[PDB]
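Read the structure below first, then the notes.
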Amino acid sequence: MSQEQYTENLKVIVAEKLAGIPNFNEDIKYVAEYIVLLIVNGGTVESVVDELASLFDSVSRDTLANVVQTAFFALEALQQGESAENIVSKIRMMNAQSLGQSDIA
Numbered sequence: 003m004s005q006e007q008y009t010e011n012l013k014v015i016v017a018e019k020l021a022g023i024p025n026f027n028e029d030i031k032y033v034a035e036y037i038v039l040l041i042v043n044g045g046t047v048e049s050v051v052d053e054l055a056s057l058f059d060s061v062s063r064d065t066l067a068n069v070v071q072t073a074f075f076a077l078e079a080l081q082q083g084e085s086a087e088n089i090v091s092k093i094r095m096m097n098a099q100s101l102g103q104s105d106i107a
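Numbering of the sequence shown is given in this note's numbering, commencing with residue 3 and proceeding in unit increments.
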């Protein structure tokens, strides 16, 4: 392979925004892989937003640009030394609240 360690760490940060979007319930883990693939190709929000909009043109362009923006910042944080598993802990708690009904007293 060429850049998988960055794709595995970037895929976690990319999912943090896709899983957080309120209009993103299905195709959320598979959509981050294509976002990282565009980031690995070069990292151009214009070409990365136009490529994601061509396949995902149902949600407002701002929602797609929001996930590409967090992947660009993640590339700079990953190059210095950041952790992606810690972000999943916040998504697991936020994702459980979205589907956590009939669980109170």
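Beta carbons are placed, not taken as given, at the ideal position from N, Cα and C, and that holds for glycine.
Would DSSP call residue i helix, strand or coil?
i	result
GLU28	coil
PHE58	coil
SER49	helix
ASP64	helix
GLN103	coil
Using the C-alpha atoms, what's the distance from residue j back to residue i?
i	j	result
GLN99	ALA21	12 angstroms
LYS13	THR65	17 angstroms
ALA55	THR9	20 angstroms
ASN88	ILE37	20 angstroms
residue 1	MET96	Residue 1 is absent from the structure shown; the chain starts at 3 and stops at 107.
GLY102	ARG94	11 angstroms
Would you kindly check if the distance between the Cβ of residue j and the Cβ of residue i is under 8 angstroms?
i	j	result
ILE15	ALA76	yes
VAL70	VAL50	yes
Return the Cβ separation of residue i and residue j in integer angstroms, given the expectation that the two are a contact with Cβ distance under 8 angstroms.
i	j	result
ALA86	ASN11	4 angstroms
The segment 46 to 66 touching the segment 25 to 38, judged by at least three CB pairs closer than 8 angstroms: With a cut-off of 8 angstroms, the segment 25 to 38 and the segment 46 to 66 count as touching, because enough Cβ pairs lie within range.
Three CB pairs or more closer than 8 angstroms across the segment 35 to 45 and the segment 4 to 13: yes
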